[PDB]
């Protein structure tokens, strides 16, 4: 039962990829994934970000 | 307030019972069936919708021009109703 | 065969294609499975100046007009101003077009699952479903429109309805006043829709009655209520003339009175067969009555003379009504088997 202060690190990579995902942000429901490495508990870093093919199920 | 007391005390599990049954498409009524997988349904807003029958409702329990409860999300029919 | 050794690589590329189309052919099923609503499609030809101009006009059930070209897979019966088309979210594209007709109601009219003349009639209705394979060598073109008429009291309606059971196909029922309504311009829509159902469905049987009353050209110049079925018939003949699809399922017409006749009804696609009824005989009616009553239990002694003689200017439905009436009092007579005198008793009863 322990909780610390976490802060999400965002680079230009994931940002621009989410901008392209913004162009992909058509009303059709879309999927995406984020990758990175955890050095410790209270910090989180994301680096590799890509998109996913659309589907009719959503 | 006293009759609503025990009910207010019984309103605790309603939060955990809120997840199902909550979906309402406002009971759109059907018309006819050309084929079994796909049915044509006409809402009271005069907008025709099409959705496949779920596994929770038997195709033999479907009557022509019958009002049944229908999901507004999955668009399928979870449960029918007598009236 | 050294030059033909390069074919193997080609076949490998082809089977590789067949292997790599699995996924893109797989996504079709999950994507196109559930169209969320139904929209009206109207075809409009545009011009781009390949870069060929293509477009369409859409009408949503929510009354919101959008823009979109003509797309989707290979189309055949499509491009027509129909309804019930597949559509995805925000895409407003066209995937599966199925025609259920317009204002369905007219279409669900009904669901149905004298020897020398009835022989010719039976042969006439049987031959288009039979001799088509022999029509190539013989070059015999089957008649389409068939005019069945005669003096009142014949009972030709239930006779043709009885022949419809012999055709084994689906039978429909359309009357004269059914073509007359309060609205206007119903003729074209009715004809086009009926021909649409005739195009989509199996070679069923279509029979219309009372074409004489609705086909009256009213020599008297003062007034009358219905001019509509006149031009409806004219348009019907037009589509039965200038159209190649007319080789499809036939439409049978019948007139009660010969007072009104259109000289333009003569054609292969139009009315061809003309048979006048010269006071139909008795024994034949007794025969068909025997065929109808063979199912019921009756004492097998009948002179047939009395029942043949007592029938004058009576329909077939009236003869069946005589049989039914004979079955009515046979229940309260206490007898479990129908007798001979019950027939004539019924005749003198209802008539």
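Protein chains in written order, with PDB author numbering: chain c, 24 to 81; chain A, 73 to 155; chain F, 53 to 101, 116 to 179, 191 to 428.
From the three backbone atoms N, C-alpha and C, an ideal C-beta is built for every residue, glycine too.
- In summary, residue 120 of chain F is exposed, with fewer than 16 beta-carbon neighbours lying within 10 Å of its beta-carbon over all protein chains present.
- Less than 9 angstroms separates the beta-carbon of residue 93 of chain F from that of residue 149 of chain F.
- With a beta-carbon spacing of about 4 angstroms, residue 176 of chain F and residue 250 of chain F fall inside the 8 angstroms limit used to define contacts.
- Each residue's CA atom was taken as its position, placing residue 67 of chain c and residue 49 of chain c some 29 angstroms apart.
- As the crow flies, the alpha-carbon of residue 155 of chain A is around 22 angstroms from that of residue 124 of chain A.
- Of the residues assessed, residue 309 of chain F falls on the buried side of the cut-off, its CB having 16 or more other CB atoms within 10 angstroms.
- Where residue 73 of chain c is concerned, the enclosing beta strand (DSSP E) starts and stops at 66-74.
- Residue-level contact by beta carbon holds for residue 104 of chain A and chain F, with a gap shorter than 9 angstroms.
- Residue 231 of chain F and residue 363 of chain F have their alpha carbons spaced roughly 14 angstroms apart.
- Taking a cut-off of 8 angstroms on C-beta distances, the stretch 156-168 of chain F does not touch the stretch 139-155 of chain A, as fewer than three cross pairs fall below it.
- Within 10 angstroms of the beta-carbon of residue 33 of chain c lie fewer than 16 other beta-carbons, which makes it exposed.
- With fewer than 16 other beta carbons inside 10 angstroms of its own, residue 242 of chain F counts as exposed.
- Residues of chain F whose Cβ lies closer than 8 angstroms to the Cβ of residue 80 of chain c are, in chain order, 82.
- Comparing C-alpha distances from residue 108 of chain A to each of A:141, A:87, A:126, A:73 shows the shortest one belongs to A:126.
- Taking all protein chains in view, the Cβ of residue 216 of chain F is surrounded by fewer than 16 other Cβ atoms within 10 Å, so the residue is classified as exposed.
- Using a 10 angstroms sphere on the CB of residue 31 of chain c, the tally of other CB atoms stays under 16, which defines it as exposed.
- Residue state for residue 222 of chain F is assigned as strand, using DSSP reduced to three classes.
- Note on residue 356 of chain F: under 16 other CB atoms within 10 angstroms of its CB, so exposed under the neighbour-count rule.
- Residues 225, 286 of the same chain have their beta carbon placed closer than 6 angstroms to that of residue 331 of chain F, with the five preceding and five following residues left out of the count.
- Chain c places a beta carbon closer than 9 angstroms to that of residue 156 of chain F, counting this residue as a contact.
- For the stretch 49-74 of chain c, the set of positions with a beta-carbon nearer than 7 angstroms to some beta-carbon of chain F reads 49, 50, 51 in chain order.
- Residue environment analysis places residue 402 of chain F among the buried positions, since at least 16 neighbouring C-beta atoms fall within 10 angstroms of its C-beta.
- Taken through DSSP and simplified to helix, strand or coil, residue 420 of chain F comes out as helix.
- For residue 135 of chain F, the closest alpha carbon among the candidates F:141, F:372, F:97 is that of F:97.
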